[PDB]
Structure formats: C-alpha cells, structure tokens
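Let me begin by presenting the structure, written as structure tokens, before commenting on it.
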Amino acid sequence: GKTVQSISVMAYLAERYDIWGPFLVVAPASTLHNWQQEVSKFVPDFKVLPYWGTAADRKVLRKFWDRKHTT
DNA sequence: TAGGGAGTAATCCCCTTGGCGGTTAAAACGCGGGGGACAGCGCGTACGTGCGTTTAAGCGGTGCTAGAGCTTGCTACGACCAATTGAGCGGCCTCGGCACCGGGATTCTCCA
Ligand SMILES: Nc1ncnc2c1ncn2[C@@H]1O[C@H](COP(=O)(O)OP(=O)(O)O)[C@@H](O)[C@H]1O
Ligand SMILES: [Mg+2]
C-alpha cells in the first residue's frame, strides 16, 4: 500500500505540525474516485476537494481555495 | 551515431448539435366593411418641334516659362535587437442601474 503510507505522512504533518495542507494529490483519472474513497477511509478528518468535472464545476470548486493561509 | 520527426492509437477535456416536453404566446384563420387602389374623363398648359439668329466652341498656329521629372550627394532616422518594467489583459467580486410589474392618471381616438 503506497497510497496509505503517503496518506499517513499528511496525517503526521497534521498531527505533529498542525499542517492541514493545502495538500495536492495528482493521480491518473481512473484513480481519482478510488483515492478519494481511500483517503476518506484512512483519514476521516481530511476534507477532500474532488477537483474534477466540466469547467463550470471546477470553477465552482475553486471557490474553496484559500490563498490567505499557507498552513 | 544520435536526435528528433513520422506514424498511430489510446486517453480525456471541451462544445456544438440534436431530442423531449410544455406551454404559451404569437402565428394562422375568418369576415365584415371601408377606403384606397384604379380606371375613366376633361382641360389646359406646358413641352417638343420648327425656323431665323448669334454666338462662341473648336481647330490651326505662335510664343513663352513654369514645373514635372530625373540625377546626385549625404545624413538623418527608423529598422533592428538585447535588456528592463509597467501598462493592460484575464480572472474575481458586488452593488446599483434599469427593467419589469401593477395599478391610478392623462391622452387620443371616434362616433354621435
Ligand atoms: N495498513 C493497511 N490496512 C488495511 N488495508 C491496507 C493497508 N495498507 C494497504 N491496504 C489495502 O491495500 C489495497 C491496495 O493498496 P494500494 O495502496 O491501493 O496499492 P497501490 O500501492 O497500488 O496504491 C487497498 O485496498 C488498501 O485498503
Ligand atoms: Mg496507488
């Protein structure tokens, strides 16, 4: 499980350094809904942005990008 | 000898076309009547034809000088490019202009 090891890094950055992102996961498109479920399973506290869709749906999702906070 | 171009097919985002459903507003259909199209008529005046006059346009001829058209010389200036930045484009935001509605007031029509 390379997925769950990597997620446990972000959970360590959260648990140890209070870094709750922003965290970017890039994956192949067939992986997206899978990894979304995987991160939801392994770490329920991470709010996940499922950034895919037609242009208008992504344009709505960009409203969630906070540029003010680096952590 | 190697690099990057040619071939090709899978991958995945963008976007234009087409269908479904309603519903609703605009196109289609009817018909009376009116008034405007249009033919037919009278007159008169205004425009084409003709003749004598004149006027000046057009052709042949002379003389002049301006200025179009060309050659020469040079330097000013705009093409050129490498370095620098700030004006202006693309994305995001919000509030106020304007439209759309409703109902009461003034205008305009048309028949008496
Ligand atoms: N520590 C674990 N506990 C339970 N299941 C795990 C653990 N680590 C991995 N898995 C399971 O392994 C399966 C495949 O793991 P995954 O990380 O998706 O493989 P990959 O390395 O190809 O990403 C997933 O279904 C995941 O749930
Ligand atoms: Mg994986």
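Below, all heavy atoms of this structure are taken into account, side chains as well, without hydrogens, waters or symmetry copies. A, B, ... follow the sequence lines: proteins, then strands. Residue 1 opens every chain.
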Notebook entry, point to check: Nearest to the side chain of A:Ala55, which nucleotide is it out of B:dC12, B:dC14, B:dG91?
Noted result: B:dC14
Next item on the list: Give A:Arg58 one of three labels, base, sugar-phosphate or nothing, depending on what nucleic acid heavy atoms sit under 4.0 Å from its own.
Entry: sugar-phosphate
Item checked: Rounded distance in Å - CG (A:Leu61) to P (B:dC13) -> 14 Å
Margin query: With side-chain contact (heavy atoms from CB on, under 4.5 Å) as the test, pick out the partner of A:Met10 among A:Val25, A:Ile19, A:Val39.
Written below: A:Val25
Check: A:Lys59 has an atom NZ; how far is it from atom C1' of B:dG91, in whole Å?
Finding: 7 Å
Check: Given atom NZ of A:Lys63 and atom P of B:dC93, what is their separation to the nearest angstrom?
Finding: 4 Å
Next item on the list: Using the P atom on both, measure B:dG103 against B:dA27 and round to a whole Å.
Entry: 28 Å
Next item on the list: Kindly indicate whether the side chain of A:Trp20, heavy atoms from C-beta on, has any atom under 4.5 Å from the side chain of A:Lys47.
Entry: no
Checklist line | Nucleotide B:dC15, atom P - distance to CG of A:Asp57 in whole Å | finding: 15 Å
Next item on the list: Assess the pair A:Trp35 and A:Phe42: is the distance between their ring centroids shorter than 6.0 Å?
Entry: no
Item checked: Interatomic distance at P, B:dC15 relative to B:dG19, whole Å -> 22 Å
Notebook entry, point to check: Taking the side chain from A:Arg58 and the backbone from A:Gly53, do they hold a donor-acceptor pair closer than 3.5 Å?
Noted result: yes
Checklist line | Distance between P atoms of B:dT94 and B:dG21 (Å, rounded) | finding: 41 Å
Next item on the list: Measure the distance from CH2 on A:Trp52 to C1' on B:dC14 and round it to the nearest whole Å.
Entry: 19 Å
